[PDB]
Amino acid sequence: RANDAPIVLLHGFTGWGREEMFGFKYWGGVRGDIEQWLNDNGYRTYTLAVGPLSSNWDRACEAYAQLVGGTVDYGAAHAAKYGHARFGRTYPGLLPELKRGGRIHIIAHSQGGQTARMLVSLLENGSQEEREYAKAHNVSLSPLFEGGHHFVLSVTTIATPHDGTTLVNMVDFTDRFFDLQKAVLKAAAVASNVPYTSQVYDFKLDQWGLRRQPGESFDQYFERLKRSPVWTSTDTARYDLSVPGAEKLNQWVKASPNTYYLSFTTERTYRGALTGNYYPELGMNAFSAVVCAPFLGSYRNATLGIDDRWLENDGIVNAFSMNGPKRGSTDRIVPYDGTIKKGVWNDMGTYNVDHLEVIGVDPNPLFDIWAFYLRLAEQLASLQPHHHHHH
Ligand SMILES: [Ca+2]
Ligand SMILES: [Zn+2]
């Protein structure tokens, strides 16, 4: 070990706390419990749960308070712009050590990779618009928006749509996306047509004043959410997930020079010789395979900049999006050569695993999930806090 910074796990547009979903773990799913696996092997590991459907910003603010402790502060400018509450939940703080020079590695899956990047950006640089708004209106300002925080030694992204996913361009994306939430609920053996009195799956929609009501099944809940500002606003995961939304985000969310970045690309497809299109591989999660992959492997859009390079996918995200932000980005991406460089995206390669298989939510006995996350842990723990120059 060159370092002793704990690992923090972070989910995407689906994800829940360790105590949610009757203990079925987002990180591990039907395979087991990834956090616990890592801890047992001697790598300190924690798990964040933030709003699945919320924007990367809201999630960044939630991640921060959850780490250091306090009441989630979304920023006054941001809250005024989008019309939700400035303050959210209160958290004990997973690691108050952060307020004392300590650091962390973030391992992020799916859209959690956008969130992680933005958290690094906000920690380091704060928000100019938030600082000016506070100066002009005399409102208080969260320390997240002042700049100067150095918590993150590294960020690792796994199947992250850094340039968005063409999934959002499906004519029926709205129904299909919530069908995706019902699919993951099903995986954990939770029904979507039952009005469970227990919380089960909290979408943490406190800023929007949205919550599942007594006598409301997840089917009925999702129908309301579809018509709510968490689905219709630009301050949403839905928007950040799109190609143009991802590009917007990339235009201000830059790689920190003091931080290591690792990206893992995922795919579960084969190419058809006659069509040029990609198709779901045998074994891909049932839902992706019928619903999502055929579109992802065949959808082109000349004006949007979606060509052939975008067709390979993992059932949910186009592989070409995952190695790092590129569209609207100045971030650099360098293929892993054996030396993890800092201040750049280290493309660790492409793995034959579909979205949900990489976190164990879908079975794949051919994928050694434990060896994957352990090797990763070993790698992050070998990162040198400081690197001098040499021949
Ligand atoms: Ca599978
Ligand atoms: Zn917001």
# chains A, B, ... in the order shown; residues from 1 in each chain; ligands from 1
call {"tool": "closest_atom_pairs", "arguments": {"of": "chain A", "to": "ligand 1", "cutoff": "8 Å", "atoms": "only C-alpha atoms and all ligand atoms", "output": "tab-separated table"}}
result
residue	atom	partner	partner_atom_place_in_ligand_line	distance
A:282	CA	ligand 1	1 (Ca)	7.9
A:283	CA	ligand 1	1 (Ca)	4.1
A:284	CA	ligand 1	1 (Ca)	4.6
A:285	CA	ligand 1	1 (Ca)	5.0
A:286	CA	ligand 1	1 (Ca)	8.0
A:354	CA	ligand 1	1 (Ca)	7.4
A:357	CA	ligand 1	1 (Ca)	6.0
A:362	CA	ligand 1	1 (Ca)	5.3
A:363	CA	ligand 1	1 (Ca)	4.6
A:364	CA	ligand 1	1 (Ca)	4.6
call {"tool": "write_last_selection", "arguments": {"atoms": "N, CA and C atoms", "output": "PDB file, in the first residue's frame"}}
result
ATOM      1  N   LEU A 282     -25.402 -13.419 -25.725  1.00  0.00           N
ATOM      2  CA  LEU A 282     -26.072 -14.433 -24.931  1.00  0.00           C
ATOM      3  C   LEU A 282     -25.637 -14.255 -23.483  1.00  0.00           C
ATOM      4  N   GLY A 283     -26.604 -14.125 -22.583  1.00  0.00           N
ATOM      5  CA  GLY A 283     -26.305 -13.932 -21.178  1.00  0.00           C
ATOM      6  C   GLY A 283     -26.643 -12.549 -20.657  1.00  0.00           C
ATOM      7  N   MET A 284     -26.751 -11.576 -21.557  1.00  0.00           N
ATOM      8  CA  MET A 284     -27.094 -10.212 -21.155  1.00  0.00           C
ATOM      9  C   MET A 284     -28.397 -10.229 -20.363  1.00  0.00           C
ATOM     10  N   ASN A 285     -28.486  -9.392 -19.328  1.00  0.00           N
ATOM     11  CA  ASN A 285     -29.718  -9.286 -18.542  1.00  0.00           C
ATOM     12  C   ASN A 285     -30.960  -9.204 -19.433  1.00  0.00           C
ATOM     13  N   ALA A 286     -31.985  -9.969 -19.059  1.00  0.00           N
ATOM     14  CA  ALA A 286     -33.209 -10.106 -19.850  1.00  0.00           C
ATOM     15  C   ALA A 286     -33.772  -8.772 -20.308  1.00  0.00           C
ATOM     16  N   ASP A 354     -22.086  -6.853 -19.158  1.00  0.00           N
ATOM     17  CA  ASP A 354     -23.199  -5.934 -19.357  1.00  0.00           C
ATOM     18  C   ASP A 354     -23.427  -5.069 -18.122  1.00  0.00           C
ATOM     19  N   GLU A 357     -24.342  -6.814 -14.668  1.00  0.00           N
ATOM     20  CA  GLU A 357     -23.455  -7.934 -14.371  1.00  0.00           C
ATOM     21  C   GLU A 357     -22.187  -7.482 -13.653  1.00  0.00           C
ATOM     22  N   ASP A 362     -27.044  -8.710 -12.075  1.00  0.00           N
ATOM     23  CA  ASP A 362     -27.379  -9.804 -12.975  1.00  0.00           C
ATOM     24  C   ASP A 362     -26.268 -10.860 -12.928  1.00  0.00           C
ATOM     25  N   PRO A 363     -26.644 -12.149 -12.882  1.00  0.00           N
ATOM     26  CA  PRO A 363     -25.641 -13.218 -12.820  1.00  0.00           C
ATOM     27  C   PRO A 363     -24.752 -13.293 -14.051  1.00  0.00           C
ATOM     28  N   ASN A 364     -23.503 -13.664 -13.803  1.00  0.00           N
ATOM     29  CA  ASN A 364     -22.542 -14.018 -14.823  1.00  0.00           C
ATOM     30  C   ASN A 364     -21.441 -14.805 -14.124  1.00  0.00           C
TER      31      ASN A 364
END
call {"tool": "residues_near_ligand", "arguments": {"ligand": "ligand 2", "cutoff": "8 Å", "atoms": "only C-alpha atoms and all ligand atoms", "output": "PyMOL selection string"}}
result
chain A and resi 54-55+57-58+74+78-79+82+84+207+235-236
call {"tool": "write_last_selection", "arguments": {"atoms": "N, CA, C and O atoms", "output": "compact mmCIF listing (two decimals), in the first residue's frame"}}
result
# COMPACT_ATOMS: atom_id res chain seq x y z
N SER A 54 -32.04 11.95 -9.32
CA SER A 54 -31.68 13.37 -9.18
C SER A 54 -30.51 13.74 -10.08
O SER A 54 -29.79 12.88 -10.59
N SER A 55 -30.32 15.03 -10.28
CA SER A 55 -29.25 15.49 -11.17
C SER A 55 -27.91 15.21 -10.51
O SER A 55 -27.84 14.99 -9.30
N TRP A 57 -25.72 17.23 -9.84
CA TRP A 57 -25.48 18.31 -8.90
C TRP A 57 -26.07 17.96 -7.54
O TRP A 57 -25.36 18.03 -6.53
N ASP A 58 -27.36 17.64 -7.52
CA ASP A 58 -28.04 17.29 -6.28
C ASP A 58 -27.33 16.13 -5.61
O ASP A 58 -27.10 16.13 -4.40
N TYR A 74 -28.08 22.51 -1.25
CA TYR A 74 -28.04 22.45 -2.71
C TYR A 74 -27.52 23.74 -3.33
O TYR A 74 -27.29 23.80 -4.54
N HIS A 78 -28.71 27.64 -7.31
CA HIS A 78 -29.19 26.43 -7.97
C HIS A 78 -30.66 26.18 -7.63
O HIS A 78 -31.47 25.91 -8.52
N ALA A 79 -31.00 26.33 -6.36
CA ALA A 79 -32.36 26.10 -5.87
C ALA A 79 -33.35 27.12 -6.46
O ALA A 79 -34.49 26.77 -6.80
N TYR A 82 -33.93 26.34 -10.31
CA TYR A 82 -34.73 25.15 -10.62
C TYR A 82 -36.00 24.95 -9.79
O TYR A 82 -36.77 24.03 -10.04
N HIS A 84 -36.53 24.01 -6.50
CA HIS A 84 -36.66 23.03 -5.41
C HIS A 84 -36.06 23.56 -4.12
O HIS A 84 -35.60 24.69 -4.09
N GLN A 207 -35.78 17.24 -1.90
CA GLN A 207 -35.77 18.61 -2.40
C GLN A 207 -37.02 18.89 -3.23
O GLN A 207 -37.44 20.04 -3.36
N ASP A 235 -32.91 19.88 -14.28
CA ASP A 235 -32.17 19.54 -13.06
C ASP A 235 -32.44 18.07 -12.69
O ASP A 235 -32.92 17.77 -11.59
N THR A 236 -32.15 17.16 -13.61
CA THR A 236 -32.48 15.73 -13.44
C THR A 236 -31.39 14.80 -13.96
O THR A 236 -30.53 15.20 -14.75
call {"tool": "atom_distance", "arguments": {"atom1": "CA of residue 163 in chain A", "atom2": "CA of residue 241 in chain A"}}
result
8.3 Å
call {"tool": "residues_around", "arguments": {"residues": "range 160-162 of chain A", "least_positions_apart": "4", "cutoff": "8 Å", "atoms": "only C-alpha atoms", "output": "count of residues only"}}
result
19
call {"tool": "closest_residue", "arguments": {"among": "A:315, A:42, A:102, A:343", "to": "residue 356 in chain A", "atoms": "only C-alpha atoms"}}
result
A:315
call {"tool": "select_by_dssp", "arguments": {"residues": "range 6-48 of chain A", "states": "helix (DSSP H, G or I)", "output": "list in words"}}
result
residues 21, 22, 23, 34, 35, 36, 37, 38, 39 and 40 of chain A
call {"tool": "closest_residue", "arguments": {"among": "A:376, A:304, A:77, A:358", "to": "residue 127 in chain A", "atoms": "only C-alpha atoms"}}
result
A:77
call {"tool": "residues_around", "arguments": {"residues": "residue 18 in chain A", "least_positions_apart": "5", "cutoff": "10 Å", "atoms": "only C-alpha atoms", "output": "number ranges by chain"}}
result
A: 23-27, 33, 35, 46-49
